file work-v1.txt (compact mmCIF, C-alpha atoms and all ligand atoms)
# COMPACT_ATOMS: atom_id res chain seq x y z
CA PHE M 109 25.11 -59.93 -3.96
CA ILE M 110 21.40 -59.44 -4.60
CA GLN M 111 19.84 -59.27 -8.06
CA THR M 112 16.24 -58.17 -8.61
CA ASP M 113 14.25 -58.71 -11.81
CA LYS M 114 13.26 -55.02 -11.87
CA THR M 115 14.49 -51.83 -10.22
CA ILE M 116 10.93 -50.54 -9.61
CA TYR M 117 7.62 -52.34 -9.02
CA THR M 118 3.79 -51.75 -8.89
CA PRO M 119 1.46 -52.52 -5.97
CA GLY M 120 0.01 -55.99 -6.43
CA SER M 121 3.01 -57.41 -8.31
CA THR M 122 5.69 -60.04 -7.74
CA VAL M 123 9.36 -59.40 -6.86
CA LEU M 124 11.78 -62.07 -8.09
CA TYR M 125 15.18 -62.04 -6.44
CA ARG M 126 18.29 -64.23 -6.48
CA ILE M 127 20.98 -63.98 -3.80
CA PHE M 128 24.49 -65.05 -4.77
CA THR M 129 26.52 -66.32 -1.81
CA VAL M 130 30.29 -66.23 -2.30
CA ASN M 131 33.31 -66.32 -0.01
CA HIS M 132 36.18 -63.81 -0.03
CA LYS M 133 37.63 -65.49 -3.16
CA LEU M 134 34.31 -64.79 -5.02
CA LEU M 135 33.73 -68.60 -5.23
CA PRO M 136 30.32 -70.10 -4.31
CA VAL M 137 30.03 -71.06 -0.64
CA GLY M 138 27.26 -72.91 1.15
CA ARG M 139 26.16 -70.99 4.25
CA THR M 140 22.96 -69.91 5.98
CA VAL M 141 21.80 -66.40 5.04
CA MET M 142 19.42 -64.11 6.94
CA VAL M 143 17.54 -61.77 4.58
CA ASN M 144 15.10 -59.01 5.61
CA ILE M 145 12.82 -56.68 3.62
CA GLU M 146 12.26 -53.24 5.18
CA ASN M 147 9.74 -50.43 4.59
CA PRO M 148 10.58 -46.73 3.78
CA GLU M 149 10.82 -45.83 7.49
CA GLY M 150 12.65 -49.06 8.30
CA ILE M 151 10.11 -51.69 9.41
CA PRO M 152 10.90 -55.33 8.49
CA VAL M 153 7.87 -56.81 6.75
CA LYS M 154 9.23 -60.17 5.48
CA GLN M 155 12.28 -62.17 6.54
CA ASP M 156 13.91 -65.43 5.46
CA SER M 157 16.53 -67.93 6.62
CA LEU M 158 17.93 -70.52 4.22
CA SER M 159 21.19 -72.31 3.45
CA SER M 160 22.64 -72.38 -0.07
CA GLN M 161 24.52 -75.66 0.46
CA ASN M 162 24.40 -78.00 -2.60
CA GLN M 163 22.63 -75.24 -4.60
CA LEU M 164 25.91 -73.79 -6.08
CA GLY M 165 25.65 -70.56 -4.08
CA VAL M 166 22.31 -69.40 -5.56
CA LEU M 167 19.17 -68.67 -3.50
CA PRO M 168 16.20 -68.00 -5.83
CA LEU M 169 13.25 -66.68 -3.83
CA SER M 170 10.02 -64.75 -4.35
CA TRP M 171 7.54 -62.47 -2.57
CA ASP M 172 4.32 -60.68 -3.54
CA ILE M 173 3.70 -56.97 -2.89
CA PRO M 174 0.31 -56.27 -1.28
CA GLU M 175 -1.89 -53.52 -2.65
CA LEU M 176 -2.02 -52.00 0.85
CA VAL M 177 1.43 -50.42 0.81
CA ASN M 178 3.22 -47.10 1.27
CA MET M 179 4.88 -45.95 -1.96
CA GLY M 180 8.54 -44.97 -1.83
CA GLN M 181 11.96 -46.56 -1.49
CA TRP M 182 12.10 -50.14 -0.18
CA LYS M 183 15.24 -51.88 1.07
CA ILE M 184 16.43 -55.49 1.12
CA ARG M 185 19.09 -56.24 3.75
CA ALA M 186 21.02 -59.49 4.09
CA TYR M 187 23.77 -61.01 6.23
CA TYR M 188 25.31 -64.43 6.80
CA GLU M 189 24.38 -66.37 9.94
CA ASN M 190 27.98 -66.54 11.20
CA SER M 191 28.64 -62.82 10.50
CA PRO M 192 25.64 -60.79 11.73
CA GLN M 193 27.48 -57.44 11.92
CA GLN M 194 28.41 -57.43 8.19
CA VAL M 195 25.20 -56.22 6.52
CA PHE M 196 24.69 -56.05 2.74
CA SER M 197 21.93 -54.01 1.12
CA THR M 198 20.31 -52.99 -2.16
CA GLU M 199 17.27 -50.83 -2.88
CA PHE M 200 14.21 -50.60 -5.13
CA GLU M 201 11.17 -48.36 -5.56
CA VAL M 202 7.40 -48.94 -5.37
CA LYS M 203 5.18 -46.62 -7.41
CA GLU M 204 2.03 -46.50 -9.54
CA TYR M 205 3.14 -46.36 -13.17
CA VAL M 206 2.81 -47.56 -16.71
CA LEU M 207 5.90 -47.89 -18.88
CA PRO M 208 6.67 -45.15 -21.42
CA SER M 209 7.22 -45.88 -25.10
CA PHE M 210 10.37 -43.78 -25.57
CA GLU M 211 13.54 -42.64 -23.81
CA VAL M 212 14.96 -39.12 -23.42
CA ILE M 213 18.71 -38.53 -23.18
CA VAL M 214 20.04 -35.22 -21.85
CA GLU M 215 23.63 -34.74 -23.03
CA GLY T 539 35.75 -66.41 -16.36
CA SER T 540 34.21 -65.12 -19.59
CA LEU T 541 30.42 -65.27 -20.00
CA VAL T 542 29.12 -63.88 -23.31
CA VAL T 543 25.48 -63.74 -24.48
CA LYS T 544 24.78 -63.20 -28.18
CA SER T 545 22.22 -63.98 -30.88
CA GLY T 546 22.10 -67.43 -32.42
CA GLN T 547 20.49 -66.14 -35.59
CA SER T 548 22.60 -64.10 -38.01
CA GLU T 549 19.70 -62.64 -40.03
CA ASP T 550 16.01 -61.63 -39.57
CA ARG T 551 16.90 -58.36 -37.84
CA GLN T 552 14.13 -57.02 -35.56
CA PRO T 553 12.09 -60.23 -35.14
CA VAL T 554 8.30 -60.26 -34.90
CA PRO T 555 6.55 -60.31 -31.47
CA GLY T 556 6.29 -63.87 -30.20
CA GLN T 557 8.81 -65.26 -32.73
CA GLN T 558 11.16 -68.07 -31.77
CA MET T 559 14.83 -67.11 -31.69
CA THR T 560 17.98 -68.90 -30.60
CA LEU T 561 19.83 -67.55 -27.58
CA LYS T 562 23.52 -68.46 -27.85
CA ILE T 563 25.48 -68.59 -24.59
CA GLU T 564 29.26 -69.06 -24.60
CA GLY T 565 30.86 -69.46 -21.19
CA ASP T 566 33.20 -71.41 -18.92
CA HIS T 567 32.68 -75.16 -18.66
CA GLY T 568 30.99 -76.26 -15.44
CA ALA T 569 29.33 -72.91 -14.72
CA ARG T 570 25.73 -72.23 -13.70
CA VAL T 571 24.12 -69.18 -15.34
CA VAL T 572 21.03 -67.24 -14.25
CA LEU T 573 18.93 -65.13 -16.63
CA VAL T 574 16.44 -62.26 -16.62
CA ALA T 575 15.09 -60.33 -19.62
CA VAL T 576 13.73 -56.85 -18.87
CA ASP T 577 12.14 -54.12 -20.97
CA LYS T 578 14.47 -51.12 -21.14
CA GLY T 579 11.54 -48.79 -20.31
CA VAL T 580 11.84 -49.97 -16.70
CA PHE T 581 15.44 -48.69 -16.75
CA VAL T 582 14.38 -45.37 -18.32
CA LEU T 583 12.12 -44.98 -15.29
CA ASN T 584 14.71 -46.15 -12.74
CA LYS T 585 18.20 -47.42 -13.64
CA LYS T 586 19.61 -47.16 -10.11
CA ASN T 587 21.12 -50.09 -8.13
CA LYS T 588 21.88 -52.18 -11.24
CA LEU T 589 24.54 -54.75 -10.37
CA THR T 590 27.59 -55.12 -12.60
CA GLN T 591 31.01 -56.77 -12.51
CA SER T 592 32.82 -53.42 -12.15
CA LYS T 593 30.87 -52.65 -8.96
CA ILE T 594 31.80 -56.14 -7.66
CA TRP T 595 35.52 -55.37 -7.97
CA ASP T 596 34.76 -51.94 -6.46
CA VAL T 597 33.24 -53.65 -3.38
CA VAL T 598 36.33 -55.91 -3.12
CA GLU T 599 38.65 -52.87 -3.39
CA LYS T 600 36.65 -51.18 -0.62
CA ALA T 601 37.29 -54.32 1.49
CA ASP T 602 41.07 -54.13 0.93
CA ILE T 603 43.24 -54.02 4.06
CA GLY T 604 46.17 -52.20 2.41
CA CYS T 605 46.11 -48.43 2.74
CA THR T 606 49.05 -47.03 0.73
CA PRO T 607 50.33 -47.43 -2.88
CA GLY T 608 53.64 -48.90 -1.66
CA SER T 609 56.81 -47.77 0.14
CA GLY T 610 56.80 -46.66 3.77
CA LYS T 611 58.67 -44.86 6.52
CA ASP T 612 60.80 -47.98 7.19
CA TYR T 613 60.75 -51.74 6.61
CA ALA T 614 57.99 -52.04 9.23
CA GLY T 615 55.98 -49.24 7.62
CA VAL T 616 56.30 -51.00 4.25
CA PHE T 617 54.58 -54.17 5.54
CA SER T 618 52.04 -52.34 7.73
CA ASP T 619 50.87 -50.07 4.91
CA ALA T 620 50.76 -53.02 2.49
CA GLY T 621 48.69 -55.07 4.93
CA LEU T 622 51.26 -57.57 6.17
CA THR T 623 52.67 -58.59 9.55
CA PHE T 624 56.23 -59.74 10.14
CA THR T 625 57.94 -61.00 13.29
CA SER T 626 61.48 -62.38 13.54
CA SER T 627 63.28 -64.44 16.17
CA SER T 628 65.89 -61.70 16.59
CA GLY T 629 63.18 -59.21 17.54
CA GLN T 630 62.36 -57.07 14.50
CA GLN T 631 58.62 -56.99 13.92
CA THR T 632 55.84 -54.91 12.43
CA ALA T 633 53.92 -52.09 14.06
CA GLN T 634 50.82 -52.93 16.08
CA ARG T 635 47.48 -52.37 14.35
CA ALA T 636 44.16 -52.57 16.20
CA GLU T 637 41.91 -50.85 13.63
CA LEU T 638 40.34 -52.72 10.70
CA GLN T 639 39.80 -49.61 8.56
CA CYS T 640 42.48 -47.56 6.88
CA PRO T 641 43.61 -44.25 8.43
CA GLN T 642 41.95 -41.33 6.77
CA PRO T 643 43.99 -38.86 4.71
CA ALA T 644 44.04 -35.22 5.74
CA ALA T 645 42.35 -34.16 2.43
CA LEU D 729 -16.04 -60.70 -46.33
CA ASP D 730 -15.00 -59.85 -49.90
CA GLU D 731 -13.28 -56.52 -49.24
CA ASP D 732 -9.52 -55.98 -49.32
CA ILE D 733 -8.98 -56.16 -45.54
CA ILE D 734 -8.50 -58.75 -42.80
CA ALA D 735 -11.84 -59.61 -41.20
CA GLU D 736 -12.10 -58.75 -37.49
CA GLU D 737 -12.70 -62.30 -36.17
CA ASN D 738 -9.33 -63.73 -37.24
CA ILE D 739 -7.36 -60.69 -36.05
CA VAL D 740 -5.40 -62.12 -33.13
CA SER D 741 -4.56 -59.60 -30.44
CA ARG D 742 -1.26 -59.28 -28.63
CA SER D 743 -1.79 -59.79 -24.91
CA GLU D 744 1.41 -61.13 -23.29
CA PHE D 745 2.83 -57.84 -22.04
CA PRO D 746 4.92 -58.49 -18.84
CA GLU D 747 7.94 -56.26 -18.36
CA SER D 748 10.36 -58.82 -16.89
CA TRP D 749 10.52 -62.51 -17.84
CA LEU D 750 12.95 -65.38 -18.69
CA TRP D 751 13.70 -66.15 -15.02
CA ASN D 752 15.55 -69.35 -15.86
CA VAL D 753 18.58 -71.30 -14.62
CA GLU D 754 20.90 -73.35 -16.84
CA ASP D 755 24.25 -75.11 -16.40
CA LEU D 756 27.11 -74.98 -18.92
CA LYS D 757 27.87 -78.67 -19.54
CA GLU D 758 28.17 -78.54 -23.37
CA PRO D 759 31.53 -79.72 -24.93
CA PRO D 760 34.27 -77.16 -24.11
CA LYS D 761 35.78 -75.66 -27.26
CA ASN D 762 38.98 -74.00 -25.93
CA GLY D 763 37.42 -74.43 -22.49
CA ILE D 764 34.29 -72.55 -23.62
CA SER D 765 30.90 -74.29 -23.64
CA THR D 766 28.46 -73.15 -26.33
CA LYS D 767 24.82 -73.40 -25.19
CA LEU D 768 21.92 -72.96 -27.63
CA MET D 769 18.58 -71.92 -26.10
CA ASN D 770 15.67 -71.62 -28.52
CA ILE D 771 13.22 -69.32 -26.73
CA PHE D 772 9.83 -67.77 -27.41
CA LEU D 773 9.66 -64.01 -27.60
CA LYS D 774 6.80 -62.07 -26.07
CA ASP D 775 4.31 -59.63 -27.58
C1 LIG M 801 0.91 -42.67 5.76
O1 LIG M 801 1.82 -43.27 4.80
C2 LIG M 801 2.87 -42.39 4.36
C3 LIG M 801 3.49 -43.04 3.15
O2 LIG M 801 2.56 -43.13 2.08
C4 LIG M 801 3.83 -42.13 5.53
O3 LIG M 801 4.18 -40.75 5.56
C5 LIG M 801 5.44 -40.51 4.87
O4 LIG M 801 6.58 -40.28 5.75
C6 LIG M 801 7.82 -40.10 5.03
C7 LIG M 801 8.90 -39.97 6.07
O5 LIG M 801 9.28 -41.25 6.56
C8 LIG M 801 7.73 -38.90 4.09
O6 LIG M 801 8.91 -38.84 3.31
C9 LIG M 801 6.52 -39.02 3.16
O7 LIG M 801 6.37 -37.83 2.41
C10 LIG M 801 5.24 -39.31 3.95
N1 LIG M 801 4.12 -39.51 3.04
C11 LIG M 801 3.07 -38.69 2.91
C12 LIG M 801 3.07 -37.45 3.77
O8 LIG M 801 2.16 -38.94 2.13
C13 LIG M 801 3.19 -42.50 6.87
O9 LIG M 801 3.25 -43.91 7.09
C14 LIG M 801 1.72 -42.04 6.94
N2 LIG M 801 1.66 -40.59 6.90
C15 LIG M 801 0.58 -39.83 7.12
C16 LIG M 801 0.79 -38.35 7.00
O10 LIG M 801 -0.52 -40.30 7.43
call {"tool": "encode", "arguments": {"input": "work-v1.txt", "output": "structure tokens"}}
result
Amino acid sequence: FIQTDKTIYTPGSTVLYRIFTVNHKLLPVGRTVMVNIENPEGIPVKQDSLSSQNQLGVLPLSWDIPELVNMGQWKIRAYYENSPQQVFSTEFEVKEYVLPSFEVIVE
Amino acid sequence: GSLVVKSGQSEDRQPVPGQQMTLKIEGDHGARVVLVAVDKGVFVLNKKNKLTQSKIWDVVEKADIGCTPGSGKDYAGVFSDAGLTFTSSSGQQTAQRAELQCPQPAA
Amino acid sequence: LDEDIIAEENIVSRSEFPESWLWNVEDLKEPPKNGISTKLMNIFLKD
């Protein structure tokens, strides 16, 4: 399971992400994880390999977005080392924005 | 478990920007907790792909090997639809299954 | 100045505006009341 600090980011900003590594019993396991970050058309731009052993199943990591970037939907994909065919994924967006000051609900 | 996050203070509603406040965290003994505090205006822009506990149990239910809410065509169909194998010394045993996924309903 | 307003020099501007923060890790090792550990974290707010 992959948690990101935001669901959408700016060019030139930092993405903070924690990967929780559990077994089938949802209990923390210590294994080596292969994580990849892919572009909108599916090009891996940054990849990692790390074991969560003795870290209580938590992999806190970081990466900086360059300003030279194609805006759109970006995907993080991850899989264990001993199970490469079981691929997990979650998505986020890159755009040029400032935050609004109010919310609109359509009911 | 049961992780709850609440306010330590009981008064001074809507605190001032920069003010110190007490974050109270009740939870299971021995647990490690991770935190992130986000402006809601990020979520008004994009609230997709937010992780929650209900989606975790939804992922586990999608990984279930049982395909039917009980019963079966016979004793062998009861175990096979539940997700179990049986084999006896007399000869009675479950049906062969070579597919990981569940058979699709006609719909 | 003598007028009924805050002078400009001691007006202190808000400037800490990041959207996401408090990227912290803590372990529940406080005394378990009914098995529940009560952790108190006094934290600074932002601007
Ligand atoms: C330049 O970069 C853009 C992204 O900014 C890419 O073109 C995109 O391609 C996707 C399909 O994979 C479309 O959905 C987008 O609408 C395209 N963006 C556009 C047209 O601005 C591609 O890498 C390059 N495209 C061009 C036309 O130079």
call {"tool": "interface_residues", "arguments": {"input": "work-v1.txt", "of": "chain T", "to": "chain M", "cutoff": "9 Å", "atoms": "all atoms listed in the file", "output": "list in words"}}
result
residues 570, 572, 574, 575, 576, 578, 579, 580, 581, 582, 583, 584, 585, 586, 587, 588, 589, 594 and 598 of chain T
call {"tool": "residues_near_ligand", "arguments": {"input": "work-v1.txt", "ligand": "ligand LIG 801 (chain M)", "cutoff": "7 Å", "atoms": "only C-alpha atoms and all ligand atoms", "output": "list in words"}}
result
residues 148, 149, 178 and 179 of chain M
call {"tool": "closest_atom_pairs", "arguments": {"input": "work-v1.txt", "of": "chain D", "to": "chain T", "cutoff": "8 Å", "atoms": "all atoms listed in the file", "output": "Markdown table"}}
result
| residue | atom | partner | partner_atom | distance |
| --- | --- | --- | --- | --- |
| D:747 | CA | T:577 | CA | 5.4 |
| D:748 | CA | T:576 | CA | 4.4 |
| D:749 | CA | T:575 | CA | 5.4 |
| D:750 | CA | T:574 | CA | 5.1 |
| D:751 | CA | T:574 | CA | 5.0 |
| D:752 | CA | T:573 | CA | 5.5 |
| D:753 | CA | T:572 | CA | 4.8 |
| D:754 | CA | T:571 | CA | 5.5 |
| D:755 | CA | T:570 | CA | 4.2 |
| D:756 | CA | T:569 | CA | 5.2 |
| D:757 | CA | T:568 | CA | 5.7 |
| D:758 | CA | T:567 | CA | 7.3 |
| D:759 | CA | T:567 | CA | 7.8 |
| D:760 | CA | T:567 | CA | 6.0 |
| D:763 | CA | T:567 | CA | 6.1 |
| D:764 | CA | T:566 | CA | 5.0 |
| D:765 | CA | T:567 | CA | 5.4 |
| D:766 | CA | T:564 | CA | 4.5 |
| D:767 | CA | T:563 | CA | 4.9 |
| D:768 | CA | T:562 | CA | 4.8 |
| D:769 | CA | T:561 | CA | 4.8 |
| D:770 | CA | T:560 | CA | 4.1 |
| D:771 | CA | T:558 | CA | 5.6 |
| D:772 | CA | T:558 | CA | 4.6 |
| D:773 | CA | T:556 | CA | 4.3 |
| D:774 | CA | T:556 | CA | 4.5 |
| D:775 | CA | T:555 | CA | 4.5 |
call {"tool": "closest_residue", "arguments": {"input": "work-v1.txt", "among": "M:170, M:193, M:155, M:144", "to": "chain D", "atoms": "all atoms listed in the file"}}
result
M:170
call {"tool": "atom_distance", "arguments": {"input": "work-v1.txt", "atom1": "atom CA of residue T:591", "atom2": "atom CA of residue M:139"}}
result
22.5 Å
call {"tool": "atom_distance", "arguments": {"input": "work-v1.txt", "atom1": "atom CA of residue T:599", "atom2": "atom CA of residue T:638"}}
result
14.2 Å
call {"tool": "build_atoms", "arguments": {"input": "work-v1.txt", "residues": "stretch 732-767 of chain D", "atoms": "N, CA and C atoms", "output": "PDB file, in the coordinates of the input"}}
result
ATOM      1  N   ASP D 732     -10.974 -55.827 -49.363  1.00  0.00           N
ATOM      2  CA  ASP D 732      -9.520 -55.980 -49.320  1.00  0.00           C
ATOM      3  C   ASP D 732      -8.927 -55.691 -47.942  1.00  0.00           C
ATOM      4  N   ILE D 733      -9.425 -56.371 -46.908  1.00  0.00           N
ATOM      5  CA  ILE D 733      -8.980 -56.160 -45.540  1.00  0.00           C
ATOM      6  C   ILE D 733      -9.176 -57.465 -44.772  1.00  0.00           C
ATOM      7  N   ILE D 734      -8.326 -57.673 -43.761  1.00  0.00           N
ATOM      8  CA  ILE D 734      -8.500 -58.750 -42.800  1.00  0.00           C
ATOM      9  C   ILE D 734      -9.812 -58.563 -42.047  1.00  0.00           C
ATOM     10  N   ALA D 735     -10.636 -59.612 -42.015  1.00  0.00           N
ATOM     11  CA  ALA D 735     -11.840 -59.610 -41.200  1.00  0.00           C
ATOM     12  C   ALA D 735     -11.480 -59.598 -39.716  1.00  0.00           C
ATOM     13  N   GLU D 736     -12.380 -59.028 -38.903  1.00  0.00           N
ATOM     14  CA  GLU D 736     -12.100 -58.750 -37.490  1.00  0.00           C
ATOM     15  C   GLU D 736     -11.926 -60.027 -36.662  1.00  0.00           C
ATOM     16  N   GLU D 737     -12.647 -61.101 -37.008  1.00  0.00           N
ATOM     17  CA  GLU D 737     -12.700 -62.300 -36.170  1.00  0.00           C
ATOM     18  C   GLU D 737     -11.363 -63.034 -36.113  1.00  0.00           C
ATOM     19  N   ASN D 738     -10.618 -63.046 -37.211  1.00  0.00           N
ATOM     20  CA  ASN D 738      -9.330 -63.730 -37.240  1.00  0.00           C
ATOM     21  C   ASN D 738      -8.159 -62.803 -36.931  1.00  0.00           C
ATOM     22  N   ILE D 739      -8.410 -61.533 -36.611  1.00  0.00           N
ATOM     23  CA  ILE D 739      -7.360 -60.690 -36.050  1.00  0.00           C
ATOM     24  C   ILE D 739      -7.047 -61.211 -34.659  1.00  0.00           C
ATOM     25  N   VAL D 740      -5.792 -61.570 -34.419  1.00  0.00           N
ATOM     26  CA  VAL D 740      -5.400 -62.120 -33.130  1.00  0.00           C
ATOM     27  C   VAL D 740      -4.616 -61.056 -32.385  1.00  0.00           C
ATOM     28  N   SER D 741      -5.112 -60.702 -31.206  1.00  0.00           N
ATOM     29  CA  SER D 741      -4.560 -59.600 -30.440  1.00  0.00           C
ATOM     30  C   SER D 741      -3.307 -60.041 -29.686  1.00  0.00           C
ATOM     31  N   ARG D 742      -2.371 -59.109 -29.557  1.00  0.00           N
ATOM     32  CA  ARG D 742      -1.260 -59.280 -28.630  1.00  0.00           C
ATOM     33  C   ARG D 742      -1.748 -59.024 -27.215  1.00  0.00           C
ATOM     34  N   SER D 743      -1.325 -59.884 -26.289  1.00  0.00           N
ATOM     35  CA  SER D 743      -1.790 -59.790 -24.910  1.00  0.00           C
ATOM     36  C   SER D 743      -0.726 -60.112 -23.874  1.00  0.00           C
ATOM     37  N   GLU D 744       0.337 -60.828 -24.225  1.00  0.00           N
ATOM     38  CA  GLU D 744       1.410 -61.130 -23.290  1.00  0.00           C
ATOM     39  C   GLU D 744       2.319 -59.916 -23.178  1.00  0.00           C
ATOM     40  N   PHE D 745       1.962 -58.992 -22.282  1.00  0.00           N
ATOM     41  CA  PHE D 745       2.830 -57.840 -22.040  1.00  0.00           C
ATOM     42  C   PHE D 745       3.554 -57.730 -20.680  1.00  0.00           C
ATOM     43  N   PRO D 746       4.160 -58.769 -20.064  1.00  0.00           N
ATOM     44  CA  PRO D 746       4.920 -58.490 -18.840  1.00  0.00           C
ATOM     45  C   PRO D 746       6.253 -57.836 -19.144  1.00  0.00           C
ATOM     46  N   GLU D 747       6.718 -57.036 -18.184  1.00  0.00           N
ATOM     47  CA  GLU D 747       7.940 -56.260 -18.360  1.00  0.00           C
ATOM     48  C   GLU D 747       9.180 -57.134 -18.210  1.00  0.00           C
ATOM     49  N   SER D 748       9.219 -57.964 -17.171  1.00  0.00           N
ATOM     50  CA  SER D 748      10.360 -58.820 -16.890  1.00  0.00           C
ATOM     51  C   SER D 748       9.936 -60.282 -16.993  1.00  0.00           C
ATOM     52  N   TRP D 749      10.795 -61.093 -17.601  1.00  0.00           N
ATOM     53  CA  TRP D 749      10.520 -62.510 -17.840  1.00  0.00           C
ATOM     54  C   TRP D 749      11.862 -63.212 -18.034  1.00  0.00           C
ATOM     55  N   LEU D 750      11.798 -64.479 -18.484  1.00  0.00           N
ATOM     56  CA  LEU D 750      12.950 -65.380 -18.690  1.00  0.00           C
ATOM     57  C   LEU D 750      13.767 -65.543 -17.405  1.00  0.00           C
ATOM     58  N   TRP D 751      13.071 -65.896 -16.323  1.00  0.00           N
ATOM     59  CA  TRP D 751      13.700 -66.150 -15.020  1.00  0.00           C
ATOM     60  C   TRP D 751      14.074 -67.624 -14.968  1.00  0.00           C
ATOM     61  N   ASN D 752      15.153 -67.963 -15.669  1.00  0.00           N
ATOM     62  CA  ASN D 752      15.550 -69.350 -15.860  1.00  0.00           C
ATOM     63  C   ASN D 752      16.968 -69.574 -15.348  1.00  0.00           C
ATOM     64  N   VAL D 753      17.280 -70.848 -15.109  1.00  0.00           N
ATOM     65  CA  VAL D 753      18.580 -71.300 -14.620  1.00  0.00           C
ATOM     66  C   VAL D 753      19.051 -72.407 -15.544  1.00  0.00           C
ATOM     67  N   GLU D 754      20.311 -72.334 -15.983  1.00  0.00           N
ATOM     68  CA  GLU D 754      20.900 -73.350 -16.840  1.00  0.00           C
ATOM     69  C   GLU D 754      22.367 -73.540 -16.468  1.00  0.00           C
ATOM     70  N   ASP D 755      22.888 -74.736 -16.744  1.00  0.00           N
ATOM     71  CA  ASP D 755      24.250 -75.110 -16.400  1.00  0.00           C
ATOM     72  C   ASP D 755      25.047 -75.389 -17.669  1.00  0.00           C
ATOM     73  N   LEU D 756      26.232 -74.792 -17.767  1.00  0.00           N
ATOM     74  CA  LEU D 756      27.110 -74.980 -18.920  1.00  0.00           C
ATOM     75  C   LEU D 756      27.799 -76.333 -18.805  1.00  0.00           C
ATOM     76  N   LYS D 757      27.257 -77.344 -19.489  1.00  0.00           N
ATOM     77  CA  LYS D 757      27.870 -78.670 -19.540  1.00  0.00           C
ATOM     78  C   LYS D 757      28.076 -79.147 -20.977  1.00  0.00           C
ATOM     79  N   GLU D 758      27.866 -78.274 -21.970  1.00  0.00           N
ATOM     80  CA  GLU D 758      28.170 -78.540 -23.370  1.00  0.00           C
ATOM     81  C   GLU D 758      29.682 -78.769 -23.575  1.00  0.00           C
ATOM     82  N   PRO D 759      30.083 -79.443 -24.672  1.00  0.00           N
ATOM     83  CA  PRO D 759      31.530 -79.720 -24.930  1.00  0.00           C
ATOM     84  C   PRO D 759      32.379 -78.458 -25.004  1.00  0.00           C
ATOM     85  N   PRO D 760      33.459 -78.387 -24.195  1.00  0.00           N
ATOM     86  CA  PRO D 760      34.270 -77.160 -24.110  1.00  0.00           C
ATOM     87  C   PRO D 760      35.209 -77.004 -25.300  1.00  0.00           C
ATOM     88  N   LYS D 761      34.895 -76.044 -26.162  1.00  0.00           N
ATOM     89  CA  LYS D 761      35.780 -75.660 -27.260  1.00  0.00           C
ATOM     90  C   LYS D 761      36.670 -74.536 -26.744  1.00  0.00           C
ATOM     91  N   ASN D 762      37.973 -74.842 -26.605  1.00  0.00           N
ATOM     92  CA  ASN D 762      38.980 -74.000 -25.930  1.00  0.00           C
ATOM     93  C   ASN D 762      38.585 -73.680 -24.493  1.00  0.00           C
ATOM     94  N   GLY D 763      37.950 -74.642 -23.823  1.00  0.00           N
ATOM     95  CA  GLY D 763      37.420 -74.430 -22.490  1.00  0.00           C
ATOM     96  C   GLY D 763      36.096 -73.705 -22.429  1.00  0.00           C
ATOM     97  N   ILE D 764      35.507 -73.348 -23.568  1.00  0.00           N
ATOM     98  CA  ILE D 764      34.290 -72.550 -23.620  1.00  0.00           C
ATOM     99  C   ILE D 764      33.149 -73.453 -24.082  1.00  0.00           C
ATOM    100  N   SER D 765      32.084 -73.519 -23.285  1.00  0.00           N
ATOM    101  CA  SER D 765      30.900 -74.290 -23.640  1.00  0.00           C
ATOM    102  C   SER D 765      29.895 -73.408 -24.360  1.00  0.00           C
ATOM    103  N   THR D 766      29.381 -73.899 -25.483  1.00  0.00           N
ATOM    104  CA  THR D 766      28.460 -73.150 -26.330  1.00  0.00           C
ATOM    105  C   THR D 766      27.054 -73.725 -26.148  1.00  0.00           C
ATOM    106  N   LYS D 767      26.188 -72.968 -25.476  1.00  0.00           N
ATOM    107  CA  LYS D 767      24.820 -73.400 -25.190  1.00  0.00           C
ATOM    108  C   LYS D 767      23.850 -72.695 -26.132  1.00  0.00           C
TER     109      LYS D 767
END
